[PDB]
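Novice: The structure under discussion is supplied below as structure tokens; questions concerning it will follow.
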Amino acid sequence: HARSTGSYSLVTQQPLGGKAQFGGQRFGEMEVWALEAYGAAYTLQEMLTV
Amino acid sequence: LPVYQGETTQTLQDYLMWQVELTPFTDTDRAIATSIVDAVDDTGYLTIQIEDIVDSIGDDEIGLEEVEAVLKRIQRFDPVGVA
Amino acid sequence: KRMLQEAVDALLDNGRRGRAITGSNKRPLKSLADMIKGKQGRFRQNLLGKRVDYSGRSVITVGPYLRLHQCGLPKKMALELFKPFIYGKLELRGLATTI
């Protein structure tokens with residue numbers, strides 16, 4: 001399963017999720033912890049805005 | 001609560017707006033294109049006349065020829081029925 | 001007025017005071033505080049629980065070749081993630097006058 005640009009929700013405007021009509025994966029908090037362990041703050045800004 | 005998917009295309013009107021925005025258009029050109037796209041019915045025919053659009057523009061510099069050129073660029077839009 | 005005060009309390013917090021259930025379901029309702037607290041609140045899924053766009057569910061295989069500074073992305077998964085890049089290259093190369 002992959003996605004480039006599909007459909008988002010009305011509630012909180014996020015994509016659907018677990019392959020329900022071309023969804024996407026879910027990012028983890030351990031993962032953002034590890035990213036901070038890398039300290040790529042601009043990467044997190046892209047992750048939270050783009 | 002319920003599933004609340006909340007995902008649907010805006011009758012390609014959002015698709016048309018994105019495609020027009022996807023094409024390189026100037027800020028004034030983008031505004032004119034957005035105004036033209038707003039003047040789109042479900043069938044795909046413009047409700048307002050070109051003179052009505054020019055009046056809604058409210059710019060002395062805005063003319064019939066420029067509006068027609070913008071509409072013609074808008075006419076060859078992404079999906080069919082954009083006449 | 002006692003009914004009204006109880007109803008307002010249930011609207012704020014049902015789990016604390018009272019038990020409101022739906023039709024044919026005995027489960028409680030999700031009050032204005034319920035969607036704030038617990039594992040299914042706003043604060044949860046705020047910690048980047050939000051869904052990922054360019055991602056998902058690939059399987060692992062052994063790379064005897066494909067040295068460390070490399071990885072193998074299957075081609076069927078490709079052409080989707082970088083589709084905007086494909087469009088940009090196509091427009092830049094004069095291969096697609098239109099999107």
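If you're wondering about the labels, chains in the structure tokens are A, B, ... by order shown, residues count from 1 in each chain, ligands from 1 in order shown.
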Could I get the residues of chain B with an atom no further than 7 Å from an atom of chain A, each paired with its nearest atom pair and that distance in Å to one decimal, using only C-alpha atoms, sorted by chain and residue number, as a Markdown table?

Specialist:
```
| residue | atom | partner | partner_atom | distance |
| --- | --- | --- | --- | --- |
| B:5 | CA | A:9 | CA | 5.5 |
| B:6 | CA | A:10 | CA | 4.3 |
| B:7 | CA | A:9 | CA | 5.1 |
| B:8 | CA | A:7 | CA | 6.9 |
```

Novice: For chain C, list the residues within 8 Å of chain A, counting only C-alpha atoms, and write the list as number ranges by chain.

Specialist: C: 47-58, 77, 80-83

Novice: Next, write the just-selected residues to a file, as a compact mmCIF listing (two decimals), in the first residue's frame, keeping N, CA and C atoms as the atom set.

Specialist:
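Output saved as result_16.txt:
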```
# COMPACT_ATOMS: atom_id res chain seq x y z
N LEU C 47 0.06 13.64 19.39
CA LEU C 47 1.48 13.29 19.42
C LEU C 47 1.82 12.50 18.16
N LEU C 48 1.70 13.20 17.03
CA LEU C 48 1.96 12.68 15.69
C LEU C 48 1.23 11.38 15.38
N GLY C 49 0.12 11.11 16.06
CA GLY C 49 -0.70 9.99 15.64
C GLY C 49 -1.35 10.22 14.29
N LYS C 50 -1.27 11.45 13.78
CA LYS C 50 -1.91 11.78 12.52
C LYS C 50 -1.34 10.92 11.40
N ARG C 51 -2.21 10.56 10.46
CA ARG C 51 -1.89 9.57 9.45
C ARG C 51 -0.82 10.09 8.50
N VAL C 52 0.00 9.16 7.99
CA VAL C 52 1.10 9.49 7.10
C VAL C 52 0.66 9.34 5.65
N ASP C 53 1.13 10.24 4.79
CA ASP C 53 0.69 10.30 3.41
C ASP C 53 1.52 9.42 2.49
N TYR C 54 2.84 9.65 2.43
CA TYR C 54 3.72 8.88 1.55
C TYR C 54 4.37 7.77 2.38
N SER C 55 3.66 6.64 2.51
CA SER C 55 4.12 5.62 3.44
C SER C 55 3.35 4.32 3.24
N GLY C 56 3.83 3.26 3.90
CA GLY C 56 2.99 2.13 4.22
C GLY C 56 3.41 0.73 3.83
N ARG C 57 3.49 -0.14 4.83
CA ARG C 57 3.25 -1.58 4.71
C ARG C 57 4.02 -2.22 3.55
N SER C 58 5.34 -2.24 3.72
CA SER C 58 6.21 -3.02 2.85
C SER C 58 6.79 -4.20 3.61
N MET C 77 5.60 -0.03 -6.16
CA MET C 77 5.44 1.01 -5.15
C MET C 77 5.91 2.36 -5.65
N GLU C 80 4.31 6.30 -7.74
CA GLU C 80 3.23 6.91 -6.98
C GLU C 80 3.74 7.94 -6.00
N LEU C 81 4.68 7.54 -5.14
CA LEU C 81 5.21 8.45 -4.14
C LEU C 81 5.80 9.70 -4.77
N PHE C 82 6.55 9.54 -5.86
CA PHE C 82 7.22 10.64 -6.53
C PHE C 82 6.47 11.10 -7.77
N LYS C 83 5.18 10.78 -7.85
CA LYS C 83 4.36 11.24 -8.96
C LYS C 83 4.43 12.75 -9.17
```

Novice: Give me the residues within 9 Å of range 57-60 of chain B as a short mmCIF file (atom, residue, chain, number, x, y, z; two decimals) with N, CA and C atoms, in the first residue's frame, counting only C-alpha atoms and dropping any in the same chain fewer than 3 places off.

Specialist:
```cif
data_model
loop_
_atom_site.label_atom_id
_atom_site.label_comp_id
_atom_site.auth_asym_id
_atom_site.auth_seq_id
_atom_site.Cartn_x
_atom_site.Cartn_y
_atom_site.Cartn_z
N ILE B 32 -8.57 35.76 -11.24
CA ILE B 32 -9.55 35.75 -12.31
C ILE B 32 -10.02 34.33 -12.60
N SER B 35 -12.34 33.20 -9.86
CA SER B 35 -13.66 33.80 -10.05
C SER B 35 -14.43 33.09 -11.15
N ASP B 52 -21.11 40.26 -16.79
CA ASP B 52 -21.33 40.16 -15.35
C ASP B 52 -20.03 39.90 -14.61
N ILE B 53 -19.18 39.03 -15.16
CA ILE B 53 -17.89 38.76 -14.55
C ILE B 53 -17.01 40.01 -14.55
N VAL B 54 -17.00 40.75 -15.66
CA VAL B 54 -16.21 41.97 -15.73
C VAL B 54 -16.71 42.99 -14.72
N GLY B 63 -10.62 44.19 -18.85
CA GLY B 63 -11.34 44.40 -20.08
C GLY B 63 -11.99 43.12 -20.57
#
```

Novice: Write out as a PyMOL selection string all residues of chain A that DSSP puts in alpha helix (DSSP H) for this structure's backbone.

Specialist: chain A and resi 29-38+41-49

Novice: Could you tell me which of B:83, B:22, B:46, B:40 comes closest to chain C if we count only C-alpha atoms?

Specialist: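 Using only C-alpha atoms, chain C sits closest to B:22.
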
Novice: Taking only C-alpha atoms into account, report as an NGL selection string which residues of chain B lie within 9 Å of chain C.

Specialist: :B and (1 or 19 or 22-23 or 78)

Novice: So that I have them on file, write out the residues from the current selection with N, CA and C atoms, as a compact mmCIF listing (two decimals), in the first residue's frame.

Specialist:
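Generated output (result_39.txt):
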```
# COMPACT_ATOMS: atom_id res chain seq x y z
N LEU B 1 -17.82 6.88 18.58
CA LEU B 1 -18.81 7.42 17.66
C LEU B 1 -18.80 6.65 16.34
N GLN B 19 -6.36 22.12 -10.39
CA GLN B 19 -5.74 22.02 -11.71
C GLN B 19 -5.43 23.40 -12.27
N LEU B 22 -2.76 24.41 -10.31
CA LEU B 22 -1.61 23.61 -10.71
C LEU B 22 -0.93 24.21 -11.94
N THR B 23 -1.72 24.67 -12.90
CA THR B 23 -1.16 25.38 -14.04
C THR B 23 -0.56 26.71 -13.59
N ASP B 78 -9.02 21.05 -17.00
CA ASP B 78 -8.61 19.66 -16.84
C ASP B 78 -9.68 18.67 -17.27
```

Novice: Quick one: residues within 12 Å of residue 41 in chain B, only C-alpha atoms counted, chain neighbours fewer than 3 positions away excluded, as a list in words?

Specialist: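 So the residues in contact are residues 11, 12, 13, 36, 37, 38, 44, 45, 46, 47, 48, 81, 82 and 83 of chain B.
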
Novice: If we count only C-alpha atoms, what is near residue 42 in chain C at a cut-off of 10 Å, once residues fewer than 6 positions away on the same chain are taken out, given as a list in words?

Specialist: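 Everything that qualifies: residues 12 of chain A; 33, 34, 35 and 36 of chain C.
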
Novice: Quote the spacing between CA of residue 20 in chain C and CA of residue 2 in chain B in Å to one decimal place.

Specialist: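 Those two atoms sit 16.9 Å apart.
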
Novice: In chain C, what's strand (DSSP E or B) per DSSP? Answer as a list in words?

Specialist: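 Restricting chain C to strand (DSSP E or B) produces residues 21, 22, 25, 26, 27, 28 and 51 of chain C.
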
Novice: Report as number ranges by chain all protein, DNA and RNA residues lying within 12 Å of residue 3 in chain C, evaluated on only C-alpha atoms, omitting residues in the same chain fewer than 6 positions from it.

Specialist: C: 9-10, 18
